């Protein structure tokens, strides 16, 4: 069974990595690019970018552990733990050559440790729409005068007593439409049909729990990254952020400059958090062009 339709010419498959069965969608030929999704979504957020990249690259889009059709991690949900699974998966298909990485939202959290620990394996890097876990996340406001606090959900999802699963179970489709649209500028792209697909996937009980365990591990990820960030990233990097409602704005690039020697940043006007869907044309173009420099 497939939770989301696979683009023509791609294959849906699974690979066991350190005892965990990871789902991915793969296609194309050439150097490897791995695309890593974020909270509320799956590999499918990349499905419009994937055929374009596949004309020049081998493209793999995994489901994060516990999300989509991937099994939960056996070690834990901190960034350093999850990054092992994703690094080993990529190196199964690119064992002798560096690969490219594109990551959105908690895909950043779950890849930054393996990038910094294996820099020679990463040719080029694209990060969009999330802070790298560090002390900056403690400075975001709980409540704002205009618009809405971007990351109050950090506390909601990290709260104990399984607060978030207990309240959201049975109401997953309602909650996800609210979460997605509240973090969007171009809300009209989130049709009821598309929201149905995403909601059905993260409503699987182990996926609803997995979703929030990433946030329950966030403070551990911060502590991990305080050590890892003593070495800056050396490979070419690009950041993308939305400039509209839900967007990170200038924060994405300004934080990345503390982490990367070679970084260029873009803020996409009229676009929120969900860049591949809200602003497919400019986002796809920026990513394809940046990766095609190599």
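Numbering follows the first chain given and starts at 1. The term rigid core refers to the maximal set of C-alpha atoms that superpose within 1.5 Å between the two forms.
Novice: Kindly name the stretch, out of 212-220 and 143-151, whose CA atoms are displaced more from this form in 5 other deposited structures of this protein after the core superposition?
Specialist: Relative to the shown form, the greater RMS C-alpha distance in 5 other deposited structures of this protein belongs to 143-151.
Novice: If you average the CA temperature factors over each stretch, which comes out higher, 185-193 or 109-117?
Specialist: On average, C-alpha B-factors are higher across 109-117.
Novice: Higher mean Cα B-factor in the deposited model: 138-146 or 201-209?
Specialist: Looking at the record's C-alpha B-factors, the answer is 138-146.
Novice: Using the temperature factors in the entry, find which of 180, 151, 159, 130 has the highest value at its Cα atom.
Specialist: Largest recorded C-alpha B-factor: 151.
Novice: Based on the PDB record, which member of 66, 242, 265, 51 exhibits the highest Cα temperature factor?
Specialist: By C-alpha B-factor in the record, 51 ranks first.
Novice: Ranking every modelled residue in this chain by its Cα temperature factor as given in the entry, which third contains residue 86?
Specialist: Middle third of the chain for residue 86's C-alpha B-factor.
Novice: Considering every modelled residue of the chain and its Cα B-factor in the PDB entry, is residue 55 in the lowest, middle or highest third?
Specialist: As the PDB entry reports it, the C-alpha B-factor of residue 55 lands in the highest third of its chain.
Novice: Select lowest, middle or highest to describe the third in which the CA B-factor of residue 167 falls within its chain in this entry.
Specialist: Lowest third of the chain for residue 167's C-alpha B-factor.
Novice: Compared with the other modelled residues in the chain, in which third is the CA B-factor of residue 176?
Specialist: Within its chain, residue 176 is a lowest-third residue by C-alpha B-factor, going by the deposited values.
Novice: Just say lowest, middle or highest third for the CA B-factor of residue 289 relative to the other modelled residues in its chain.
Specialist: Answer is middle: the recorded C-alpha B-factor places it there.
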